[PDB]
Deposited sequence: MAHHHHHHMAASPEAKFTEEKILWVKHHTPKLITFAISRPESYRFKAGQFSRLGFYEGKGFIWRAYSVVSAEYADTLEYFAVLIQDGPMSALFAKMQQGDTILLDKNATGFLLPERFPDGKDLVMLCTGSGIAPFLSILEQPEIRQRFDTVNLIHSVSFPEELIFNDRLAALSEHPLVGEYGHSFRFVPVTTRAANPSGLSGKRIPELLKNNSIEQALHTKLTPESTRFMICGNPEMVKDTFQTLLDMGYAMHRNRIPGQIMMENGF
């Protein structure tokens, strides 16, 4: 039949004026792997608008949750700003994406590097019980500009205290819980992330996932290549998986 279903907005939560999470109804048939993204849409007049969002809720949850940043003059953002419980939202029947951590072998140290809304797929991955079982440590570094944008900080700091480590990074504001004033590629170069994790990072033992703004993803990838890491490919184990967050 159609390539999508009509779902309902269940609720919208403002964490700041411009950062929302929201939940939608989940059809019985909708399957995804943690780390993948949905395509969400609205009827607009006689046409459509569609955008991709990483699922932030657990694979086993009974709803689908998403984390969206509201962009000035952005067309989907204007619709998100007006939507409310009971409104129709369209859900593409297929989930997509290759941020699939179980393609890395058990026993490694998993290091997730993200910016902004790029934390979203890693939230779903952290809800998989087997991820902290399979990997020796699970580490999440979330870079934003200002500490107000660390909207999962209280939750992830509490989970932090097979260890889970959370390192917040604020690139434009000085936060005397994490690291401040520098972006993730620089913090890899100067060993600050390794020091914050209290875990030596090596190509043999570390496996990276990257999700963030395109410039950060590129700069982080190139930095890791300089440090001796390689992309995961079909036949290459490698140490890096990456996806642009927009």
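Missing from the model, relative to the deposited sequence, are the stretches 1 to 13, 175 to 182.
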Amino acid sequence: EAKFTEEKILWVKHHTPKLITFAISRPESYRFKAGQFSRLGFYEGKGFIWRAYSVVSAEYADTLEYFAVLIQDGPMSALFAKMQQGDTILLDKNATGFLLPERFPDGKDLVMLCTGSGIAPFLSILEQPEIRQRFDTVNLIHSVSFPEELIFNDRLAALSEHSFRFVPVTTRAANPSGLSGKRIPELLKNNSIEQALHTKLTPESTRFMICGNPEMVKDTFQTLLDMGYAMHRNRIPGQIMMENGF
From here on, numbers count along this sequence of modelled residues.
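Of the two segments examined, 151 to 159 and 165 to 173, it is 151 to 159 that shows the higher average Cα temperature factor in the deposited entry. Just going by the entry, 217 to 225 versus 194 to 202 on mean CA temperature factor gives the higher value to 194 to 202.
The PDB entry assigns its highest CA temperature factor, among 84, 77, 124, 115, to 84. Per the PDB entry, 178 shows the highest C-alpha temperature factor of the residues 35, 178, 212, 41. Per the deposited record, the Cα B-factor of residue 103 falls in the lowest third when ranked against the other modelled residues of its chain. Per the deposited record, the Cα B-factor of residue 16 falls in the middle third when ranked against the other modelled residues of its chain.
Annotation for residue 46: CA B-factor lies in the highest third of the chain's modelled residues.
Looking at the C-alpha B-factors along this chain, the one for residue 207 belongs to the lowest third. When the CA B factors of the chain's modelled residues are split into thirds, the value for residue 186 lands in the highest one.
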